[PDB]
Amino acid sequence: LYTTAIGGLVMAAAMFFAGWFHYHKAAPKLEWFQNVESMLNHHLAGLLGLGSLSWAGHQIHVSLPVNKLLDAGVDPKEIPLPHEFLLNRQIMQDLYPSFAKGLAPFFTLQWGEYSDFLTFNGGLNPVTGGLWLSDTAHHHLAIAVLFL
Amino acid sequence: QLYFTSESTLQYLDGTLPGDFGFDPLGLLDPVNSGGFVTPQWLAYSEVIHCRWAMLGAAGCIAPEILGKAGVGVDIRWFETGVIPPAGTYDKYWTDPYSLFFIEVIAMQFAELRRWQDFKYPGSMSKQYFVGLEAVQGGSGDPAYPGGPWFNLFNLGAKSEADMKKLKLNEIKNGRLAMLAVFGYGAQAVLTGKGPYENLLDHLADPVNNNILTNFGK
Amino acid sequence: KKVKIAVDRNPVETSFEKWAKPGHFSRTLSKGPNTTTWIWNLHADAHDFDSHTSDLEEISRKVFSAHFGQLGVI
Amino acid sequence: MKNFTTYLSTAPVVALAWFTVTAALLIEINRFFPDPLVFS
Amino acid sequence: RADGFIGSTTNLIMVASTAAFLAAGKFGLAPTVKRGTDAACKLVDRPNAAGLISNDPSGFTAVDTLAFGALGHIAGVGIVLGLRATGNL
Amino acid sequence: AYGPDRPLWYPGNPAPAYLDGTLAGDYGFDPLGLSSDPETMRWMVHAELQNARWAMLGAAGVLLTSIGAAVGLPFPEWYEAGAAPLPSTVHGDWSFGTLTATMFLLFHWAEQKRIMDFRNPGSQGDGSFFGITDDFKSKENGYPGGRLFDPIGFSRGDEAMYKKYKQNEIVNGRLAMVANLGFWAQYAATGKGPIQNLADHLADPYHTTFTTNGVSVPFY
Amino acid sequence: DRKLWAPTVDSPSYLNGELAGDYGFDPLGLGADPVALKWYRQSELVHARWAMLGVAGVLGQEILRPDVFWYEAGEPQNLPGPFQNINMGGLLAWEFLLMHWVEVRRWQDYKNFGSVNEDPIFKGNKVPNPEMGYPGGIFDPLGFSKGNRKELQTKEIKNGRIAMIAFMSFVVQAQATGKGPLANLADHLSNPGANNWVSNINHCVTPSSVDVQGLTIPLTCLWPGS
Ligand code: CLA
Ligand code: CLA
Ligand code: CLA
Ligand code: CLA
Ligand SMILES: CC1=C[C@H](O)CC(C)(C)[C@H]1/C=C/C(C)=C/C=C/C(C)=C/C=C/C=C(C)/C=C/C=C(C)/C=C/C1=C(C)C[C@H](O)CC1(C)C
Ligand SMILES: CC1=C[C@H](O)CC(C)(C)[C@H]1/C=C/C(C)=C/C=C/C(C)=C/C=C/C=C(C)/C=C/C=C(C)/C=C/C1=C(C)C[C@H](O)CC1(C)C
Ligand SMILES: CC1=C(/C=C/C(C)=C/C=C/C(C)=C/C=C/C=C(C)/C=C/C=C(C)/C=C/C2=C(C)CCCC2(C)C)C(C)(C)CCC1
């Protein structure tokens, strides 16, 4: 949380800097602003589509394994830190056996193999009372391809 | 020659710049209504700087292995030096990795701020006293190519403008290949997990069974 | 018709002189206060860029920059 | 700085300062001398 | 494309889809940079603003080799998964 | 300094207009235009000629007492030289409350005269204090020359030596101010006080850096 | 025209060719300021003359007395004759004032050329000091400068530049192998490939510190030891 807070403050300083820079320094001309076809093309794919795909990355690598371990009863201060799921394939493979294959199923169009972190269960998790994190990951993945 | 070029790109691409193949699909080098760091001058200046850095890296991310495996010494892969501590760290360093970074930051400040001040305010590093080096920090009009008794210390070139122009095309091409290589080193490292040299010495063995497609699963 | 980045180098200067002149944005409120209404007016007319000038180039630059700050405070 | 100080003198800024000092003074007074119901 | 799937129905379907869709633009059977369309789905030609310079005899530009093959890739994926879900594959 | 072509802070960047080069140790360094006002310059110059001078004396002490404590000579380190028992006096024993009050009282008198002359030049030189006049005058802002403040007569002597001496004072004072932040920051990270920190760095120079001290670099 | 340091280079103007050994080698433009060129030259000459004496001592001492390692010969016990275990502080005292006089006198010849030329104690006894850094007279007894001193100066600077480079070799190849200048030549000629800088640069062979008569003196290898 502390690291995130610091990052948000850094972003804040970038935003105000950008506002001053794009006003007192590099101020866009009207012809730039009136390219609606470009704005929509970049806000739909680059902003919404990539924004969801980037989240479908976190949800699949950090939120899903951590939440599974938390719901399994594991103490929060004993769960492997997020990065270990990315680097140590064994840990992620144990939680989701489909990481034993790799990205091969995706390119081979055998997406089905990934039916342990991308599912259409529907309903609510019986342990935490909230939508399955697996279903949310699949949603953001789909929503992305659509926007892109 | 021209690669994926368009009439619009040619309007602002007339061949002068070293290594101009008219390849500007998005069109960022268009001078008309430009500013900030997207000004054509800064873009070309950065490309040269990237080429020089990439060429040093491209030759540095494979040399510890090509030499270390041969038995010269060291024998580390570019990710196991301390750049990315989670992926490994070398043990025999005369100082702390962060301590080295502290010196690195101070050194780059006196080397990349002086370089910059010579672009913003051309030939401004030759007036303020700098241990007498200032004289060698004058540079020429072109920001990318300084010159002087230091940067061009062996006056390579100067025998005709044609030789300078060929030596500048050699660099922009030996550097666009090095830039594509550095990206290759990182990408292969992430997927395979091994070093550039071992990745080559594996394609050479069973090429069909040792490629990106097979590396998707293996 | 070409979609390209178009920018004007260093248009507005960065100074506090305008900061010390409340109402510099409106021709009417630049003449200073004579009634206590001006106080409430300089606030009820500070974000109405369209009222400040007729140029749609400036009004847009102001809107685009404003959004930035909003993001910053968010 | 002459014009920055002019801005820091405008009513909204001066009032923000004066009040903050007055508020902090009362807060600090109760912080060291709490529950001041009577002048004793 | 991995694990030497080459030859697999999936490989054949994807290759066929990508090719059938690139030969639907190089052969003027669909909209392309230049020769666009209309409110009645008829190619009424088009002026591109960048003026892409293509060496291809028909004028097929890189923009059009990355815009028809992508359609083939989406079509192939839809067909592969569809037949896969059914008994067809 | 003391020149139109004086060495500057960021070689290349032009110097501020208010910073002409006359002021001692002028290197045209005012990025946030803090001294844009001429009156502000005079006040800021005086303030610097006040913080640096005290800082210089303070640095001389933290170094002399420290050198003593390292050689063995009974000397409490700067950090613990306040809890040290106050010495007695022929008049009586010292009390912390009285000590603070006396220190402020005396300072108020001197500060008043100094600031009053700063606001009204020559105001103190009115023979009001026991007839002392010119000695209470100020040669320059932050330069109260006389036969009580410059006894040897560096200011009254060669101006070139005086000017050179003025540069020495500014540069040394700025260094002392930076040094003082060190003495404090090295203490609030190492907990040892200088001359022990110089001794540790000269015994294992490579493994005794700021990076390896726990507080400086948190992760490392 | 003089032959320059590289077949493609052009001499810096300030290096017109007056100074001996002018091969136009100033890549960092350090000698651009005429005051600095003057000073740096005197430093070159002093460094050369000191290294030529040094490279002769290391080689010579080894040839004659071979038991004492050049690196370890400044130790009081290592000192020969009665000098063995002589108070180093008292020795420093002599080496101090005596060196201070000769150096300061030489420095005043830089500050005011041809000013400190006459014997301060006695009188009349003076040194020609035709060029700064070339006093001659008592300094040139057998009288060889009377000929083409410039040609001799060129040989002197060129020999000195080789020596300066050679003495820093003796220093490194000694803190790596642990053996003297000619012993490292012998080892190479015994097994060339196996006695190279490859099998010797990975070890800093030489004490980390030396206690001299109660004064510990820390020591270091130029390259960080592997
Ligand atoms: C940091 C240095 C700086 C300086 C010296 C200036 C100076 C100037 N700016 Mg400017 N600006 C800056 C930064 C700066 N700006 C940044 C970072 C942005 C991006 C947001 C902008 C965006 C901007 C726009 C869009 C405009 C100016 C304009 C101006 C000129 C007159 C208006 C003015 O600023 O008066 C002083 C104004 C204020 C003091 C208002 C402060 C508003 C700030 C941005 C945030 C306040 C929000 C507040 C916290 C909301 C919550 C309140 C609640 C807690 C009660 C003036 C010369 C105007 C102009 O060009 O002249 C016509 C103009 O339209 N600026
Ligand atoms: C993939 C391309 C892309 C992306 C991702 C975006 C994204 C965004 N645009 Mg945008 N835009 C684009 C292309 C793109 N744009 C093009 C090509 C044009 C010209 C036709 C425009 C013209 C345009 C205008 C006029 C405006 C936006 C605005 C916005 C923001 C919406 C406000 C918001 O919800 O804040 C949410 C904040 C976030 C989601 C955090 C992300 C913020 C990052 C830093 C923005 C970076 C976008 C930029 C393209 C990246 C390059 C920056 C680099 C040069 C340093 C949003 C973050 C609005 C805005 O500026 O709001 C302040 C707005 O006024 N855009
Ligand atoms: C809605 C947000 C937004 C938008 C629409 C723009 C738009 C623009 N900016 Mg800008 N900028 C923004 C935010 C934004 N900026 C912020 C927050 C900062 C502070 C860091 C800056 C700082 C900045 C500078 C210094 C400059 C610009 C410039 C430009 C113009 C050309 C460069 C460009 O963006 O083209 C396309 C993008 C590029 C050419 C390079 C992209 C580099 C980005 C930073 C990499 C990643 C971007 C992406 C959003 C990251 C996604 C997340 C990541 C983990 C994948 C252009 C019109 C340039 C200009 O003024 O032109 C005259 C310029 O000099 N911007
Ligand atoms: C401390 C020794 C020393 C000093 C003071 C000088 C001084 C000078 N040399 Mg010189 N030189 C030296 C050693 C030295 N040299 C050696 C050993 C060689 C043999 C390679 C040469 C070969 C040489 C040539 C060919 C020429 C000069 C020239 C000059 C003059 C040019 C002005 C200049 O750039 O000055 C600055 C020089 C210095 C301040 C010397 C200090 C060295 C710098 C600060 C760092 C060097 C570190 C070095 C690489 C370490 C080597 C280690 C290695 C031996 C293992 C100048 C007065 C030019 C000339 O003759 O003009 C009349 C010229 O043509 N020198
Ligand atoms: C033309 C165009 C036009 C249109 O319009 C648009 C567009 C498209 C955008 C454009 C394009 C662009 C591009 C292509 C780009 C690319 C880039 C890159 C890749 C870079 C690299 C880059 C890369 C680089 C620099 C590199 C670097 C590196 C370095 C320094 C170093 C490293 C290393 C080594 C030695 C070894 C050690 O042990 C470690 C380290 C230290 C780690
Ligand atoms: C010119 C130039 C120009 C540009 O600008 C830049 C540049 C390039 C940088 C430059 C260069 C420079 C250089 C090269 C330098 C070098 C130096 C040296 C090496 C010295 C040595 C040096 C060296 C030396 C002195 C030596 C010394 C020694 C001695 C005394 C002695 C010793 C010894 C002996 C006898 C024996 C005994 O038992 C012991 C002892 C005692 C121990
Ligand atoms: C005959 C001819 C030629 C050839 C050319 C070519 C080679 C073409 C091809 C081209 C191509 C090569 C095409 C393809 C394309 C494709 C692509 C570019 C892809 C895309 C992708 C996308 C669009 C996305 C997808 C997705 C994902 C990723 C996720 C999930 C969902 C989906 C599936 C949707 C040449 C010149 C040689 C010679 C002369 C004539």
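Numbers attached to residues count from 1 within each chain as its sequence is written and can disagree with those in the entry; no residue without coordinates is shown. Think of it this way: whatever chain is written first is A, whatever ligand is written first is 1, and the rest follow in order. Any value quoted here refers to the chains shown, not to the larger assembly they are part of. Heavy atoms from the whole structure form the basis of all side-chain values; hydrogens and water molecules are not counted.

cryo-EM is the method the PDB entry states for this structure, with the resolution given as 2.81 Å.

## Focus on the coordination of the magnesium atom of ligand 3
How we decide: For Na, K and Ca the donor cut-off is 3.2 Å; for every other metal, N, O and S atoms count as donors within 2.8 Å. Water does not enter the count, which can leave sites looking incomplete. For helices the rule is a DSSP run of H or I covering at least 4 residues; for strands it is a run of E covering at least 2, with both sets numbered from the N terminus onward.
Looking at the magnesium atom of ligand 3, one finds just one donor atom contributed by the protein, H22 of chain A (NE2), at 2.8 Å. By secondary structure assignment, the location of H22 of chain A is in helix α1 (residues 2-25).

## Observations concerning a nonpolar patch on the surface
Under the convention used in this document: Patches were defined on residues exceeding 30% relative accessible area and lacking a salt bridge, with like-charge contacts within 9 Å and nonpolar side-chain contacts (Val, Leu, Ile, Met, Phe, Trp, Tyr) within 5 Å. Accessible surface is estimated by sampling points in the Shrake-Rupley manner with a 1.4 Å probe; for residues, cover comes only from the protein chains shown. Within this document, salt bridges are pairs made up of a side-chain nitrogen of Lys or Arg and a carboxyl oxygen of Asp or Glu, the two lying within 4 Å of each other. Throughout, exposure labels follow a simple rule: accessible area from a 1.4 Å probe, protein chains only, divided by the maximum for the residue type, with under 20% read as buried, over 50% as exposed, and the rest as partly exposed.
A cluster of nonpolar side chains, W94, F101, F102, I103, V105, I106 and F110 of chain B together with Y206 and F210 of chain F, forms an exposed patch at the surface whose accessible area comes to about 870 Å². Counting through the fold element by element, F110 of chain B comes out in helix α4 (residues 97-120). Classification of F110 of chain B as exposed rests on a relative accessible area of 55%.

## Here we look at the state of the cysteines
Applied cut-off: Two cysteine sulfur atoms form a disulfide, by the criterion used here, when they sit within 2.5 Å.
Per the counting criterion, the structure on display carries one disulfide over all chains. Two residues share a disulfide in this structure: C204 of chain G and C221 of chain G, whose sulfurs sit 2.0 Å from each other. Measuring the twist about the S-S bond at about 75°, one finds the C204 of chain G-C221 of chain G disulfide to be right-handed. With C204 of chain G in the loop between α4 (181-190) and β1 (209-212) and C221 of chain G in the segment after β2 (215-218), this pair connects stretches of sequence that are 17 residues apart. We note that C51 of chain B lacks a disulfide partner, and the nearest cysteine sulfur, in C61 of chain B, lies 16 Å from it.

## Description of the site of ligand 6
Residue and element names in this part refer to chain G. We count it as follows: Being near a molecule or strand, for a residue, comes down to having at least one heavy atom within 4 Å of it. Here a polar contact means two N or O atoms within 3.5 Å. Within protein one must be a hydrogen donor candidate and the other an acceptor candidate, and residues neighboring in sequence count only if both atoms are side-chain atoms. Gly counts as polar in this scheme, as do all residues outside two lists: the nonpolar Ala, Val, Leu, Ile, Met, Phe, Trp, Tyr, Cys and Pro, and the charged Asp, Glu, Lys and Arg.
As a matter of local geometry, ligand 6 sits amid 17 residues, with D26, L28, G54, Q61 and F167 nearest to it. Here an oxygen atom of ligand 6 and a side-chain polar atom of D26 are 2.4 Å apart. For ligand 6, whose free accessible area comes to 1000 Å², the fraction covered by protein is 57%. For the shell around ligand 6, the secondary-structure elements that each account for two or more residues are α1 (34-64) and α3 (149-177). Top contributing element to the shell around ligand 6 by residue count: α1, with seven residues. For the shell around ligand 6, a count of residues per class yields 11 nonpolar, five polar and one charged.

## Side note on the pairing of β2 of chain G
All names here are of chain G. Keep this limit in mind: At least two bridges found by DSSP between two strands are what make those strands a pair.
Bridging between β1 and β2 involves four bridges; their strand directions are antiparallel. Within the sheet, the bridge partner assigned to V210 lies in β2 and is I217. With antiparallel pairing between neighbouring strands as the criterion, β1 and β2 make up a hairpin whose turn holds two residues, including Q213 at a positive phi of roughly 50°.

## What to know about the pattern of salt bridges
Taken as a whole and judged by the stated rule, the model has 35 salt bridges over all chains. Here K4 of chain C and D30 of chain B are joined by a salt bridge, their closest N and O atoms 4.0 Å apart. Of the two residues, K4 of chain C sits in the segment before β1 (7-9) while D30 of chain B sits in the loop between α1 (7-12) and α2 (40-58), which places them in two different chains. Both residues of the pair, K4 of chain C and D30 of chain B, count as buried. Residue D187 of chain G pairs with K179 of chain G through a salt bridge whose shortest N-O separation is 4.0 Å.

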